[PDB]
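K.L.:
Just need the structure, nothing else, for what follows:
(chains A and B)
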Amino acid sequence: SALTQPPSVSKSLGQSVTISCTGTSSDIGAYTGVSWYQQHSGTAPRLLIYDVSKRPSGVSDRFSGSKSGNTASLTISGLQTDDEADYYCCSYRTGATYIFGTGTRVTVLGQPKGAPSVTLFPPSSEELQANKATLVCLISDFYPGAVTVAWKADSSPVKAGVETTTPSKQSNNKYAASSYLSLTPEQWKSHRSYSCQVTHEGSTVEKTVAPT
Amino acid sequence: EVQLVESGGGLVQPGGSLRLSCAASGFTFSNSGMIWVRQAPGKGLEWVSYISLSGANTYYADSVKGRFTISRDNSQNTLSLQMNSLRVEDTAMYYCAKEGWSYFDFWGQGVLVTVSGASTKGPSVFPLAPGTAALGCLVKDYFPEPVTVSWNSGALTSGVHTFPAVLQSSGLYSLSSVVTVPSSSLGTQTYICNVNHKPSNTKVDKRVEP
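P.N.:
Numbers count the residues shown, from 1 in each chain, chains lettered A, B, ... in the order given. The relevant structure is shown in the block below.
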């Protein structure tokens, strides 16, 4: 009842990849109303291919489509970092309804490593007057999209009060994440300093703030 | 310059109702079919409903029939989706899309429909005080998504980085928006973050100074 796609497909920069879309004889097997859509994280889908193999103006000829039986296929040549997105096939079905694929995430591998840029903010005076304390650790511009965050008060570990996001791709095709340390104003002022430690690959960058 | 501007959406109780709207321009809203497509976080796209250029023919997904209604106004150039008896599983980003011919060029930006028993909470906004200096705004403890942040009411866009929200254990979201600015503008240029949380009609302007 769904158009079957590979959950994930990955190749390296410059290489070509092919994504399959397997449906039934009631859709892909029956019609030419097959279309493909590109969707980057946090954006609306974008038409890549329509009518099995046609390209709208604005789509590079690196994107191509074909069909054979109940399986449609999208090929991306010269894999680039922008091609790193989610891809959906679509087809008209018999009850004049439409049906989308399960989606495929394309990862392009041989990209340059990127060290995380870290900005650490102390609790604001406004938040402290409100009997709250939040440390804000902002982590940007790193690749690949895996990082580990650890918090220190003076020089000792903090396990409680820490909330950290999953990495997300930015507009620069690098990654960003954020970590939040929840504190009592006294906790913040009792220690000499607080630190956010960001460890990417093997290197570890540290930022430090003090209640001056 | 075809546009599909969506509106509506927000937090609705389970069993509740919501109507989504899509304002079309830049093309004859007639002569074209329209669809609604939704996307649960973080799942794939699923087709919801189809309407022909006249409205004569309408089609629904089985997961939606009897509860969702599609309609269009060919004078107002608007597309609508009336949603009744909503469930937690109906929680998704909802897209409107123009049809060409059995394909769909041009999509709306999407609006988030959140079906939950949780209550709305507006965020508290705190300033993160500072060649190039980093400063920002903490947007703390709100529900549900989304939140928008602008700087100096749209004047400042370069160097602006708004981070995706963290989902706390409390069930509340928090994000931060940081802008890198020339240190020479500090103490001359005023920097105000403009935070908007529509589900609670919260609009906060916070001045960020060193």
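
K.L.:
ok, now how distant is the residue nearest the centre of chain B from residue B:37?
P.N.:
Taking C-alpha atoms, centre = their mean, the centroid of chain B lies closest to residue B:111, which sits 3.9 Å from it. To residue B:37, residue B:111 is 12 Å away according to C-beta to C-beta, to the nearest Å. No exception for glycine: its C-beta is placed from N, CA and C like everyone else's.

K.L.:
Give the residues shared as contacts by these two.
P.N.:
Common neighbours of residue B:111 and residue B:37 (criterion: C-beta atoms under 8 Å, 6 or more residues apart in numbering or on different chains): residue B:94.

K.L.:
nearest residue to whichever residue of chain B sits closest to chain A other than its sequence neighbours?
P.N.:
Closest contact between chain B and chain A, by C-beta to the nearest C-beta, is at residue B:102 (3.1 Å). Distances taken as C-beta to C-beta, 6 or more residues apart in numbering or on different chains put residue A:33 closest to residue B:102, at 3.1 Å, once the chain neighbours are dropped.

K.L.:
who touches the one you found in this structure?
P.N.:
Taking C-beta under 8 Å, 6+ apart as the contact definition, residue A:33 lies against A:51, A:91-92, B:101-103.

K.L.:
same thing with residue A:192?
P.N.:
Shown in contact with residue A:192 (C-beta under 8 Å, 6+ apart): A:154, A:210.

K.L.:
Look up how far residue A:135 lies from the residue lying farthest from the centre of chain A.
P.N.:
Largest separation from the mean C-alpha position in chain A: residue A:190, at 38.3 Å (C-alpha atoms, centre = their mean). As for residue A:190, its distance to residue A:135 is 14 Å (criterion: C-beta to C-beta).

K.L.:
same deal with residue B:123?
P.N.:
18 Å.

K.L.:
One more: residue A:192?
P.N.:
Distance, residue A:192 to residue A:135, by C-beta to C-beta: 15 Å.

K.L.:
and if you look at residue B:78?
P.N.:
Where residue A:135 is concerned, residue B:78 sits at a distance of 46 Å (C-beta to C-beta).

K.L.:
Residue B:110 now?
P.N.:
For residue B:110 relative to residue A:135 (C-beta to C-beta), the value is 33 Å.

K.L.:
can I see the domain layout of the chain?
P.N.:
You didn't say which chain, so I picked chain A. A:1-110, A:111-211 (curated CATH domains).

K.L.:
I was after chain B.
P.N.:
Chain B breaks down by curated CATH domains into domains covering B:1-117, B:118-210.

K.L.:
separation between the spatially closest residue to residue B:83 that is not a sequence neighbour and residue B:91?
P.N.:
Closest residue to residue B:83 apart from its sequence neighbours, by C-beta to C-beta, 6+ apart: residue B:18 at 4.7 Å. Distance, residue B:18 to residue B:91, by C-beta to C-beta: 11 Å.

K.L.:
Residue A:80 now?
P.N.:
For residue A:80, the distance to residue B:91 - C-beta to C-beta - is 34 Å.

K.L.:
Compare the two and say which is more crowded by neighbours.
P.N.:
A count of neighbours by other C-beta atoms under 10 Å in any protein chain shown puts residue B:91 above the other of residue A:80 and residue B:91, at 19 against 15.

K.L.:
Count the neighbours of the spatially closest residue to that one that is not a sequence neighbour for me.
P.N.:
Closest residue in space to residue B:91, ignoring its immediate chain neighbours: residue B:115 at 4.9 Å, by C-beta to C-beta, 6+ apart. When neighbours are defined as other C-beta under 10 Å, residue B:115 has 20 of them.

K.L.:
Next, count neighbours for residue 151.
P.N.:
Since you didn't name a chain, this refers to chain A. Around residue A:151 there are 22 residues (other C-beta under 10 Å).

K.L.:
I was after chain B.
P.N.:
Neighbours of residue B:151 using other C-beta under 10 Å come to 23.

K.L.:
does it really touch residue B:181, like I thought?
P.N.:
No - using C-beta atoms under 8 Å, residue B:151 is not in contact with residue B:181; the gap is 9.1 Å.

K.L.:
any residues in contact with both of the two?
P.N.:
Counting by C-beta under 8 Å, 6+ apart, the residues touching both residue B:151 and residue B:181 are residue B:191.

K.L.:
now residue B:96, nearest residue through space, not along the chain?
P.N.:
Nearest to residue B:96 is residue B:22, by C-beta to C-beta, 6+ apart, at 3.6 Å.

K.L.:
for residue A:135, same thing?
P.N.:
In this structure, residue A:135 finds its nearest non-sequential neighbour in residue A:181, 3.8 Å apart by C-beta to C-beta, 6+ apart.

K.L.:
need the contact list for the residue nearest to residue B:68 when sequence neighbours are not counted.
P.N.:
With sequence-adjacent residues excluded and distances taken as C-beta to C-beta, 6+ apart, residue B:68 is closest to residue B:83, at 5.3 Å. When contacts are counted by C-beta under 8 Å, 6+ apart, residue B:83 touches B:17-20, B:67-69, B:90, B:113.

K.L.:
and those residues, which are buried?
P.N.:
Buried residues within the contacts of residue B:83, counting neighbours by 16 or more other C-beta atoms under 10 Å in any protein chain shown: B:18, B:20, B:68-69, B:90, B:113.

K.L.:
my guess is residue A:36 meets residue A:48, correct?
P.N.:
Yes - under the criterion of C-beta under 8 Å, residue A:36 makes contact with residue A:48 at 4.5 Å.
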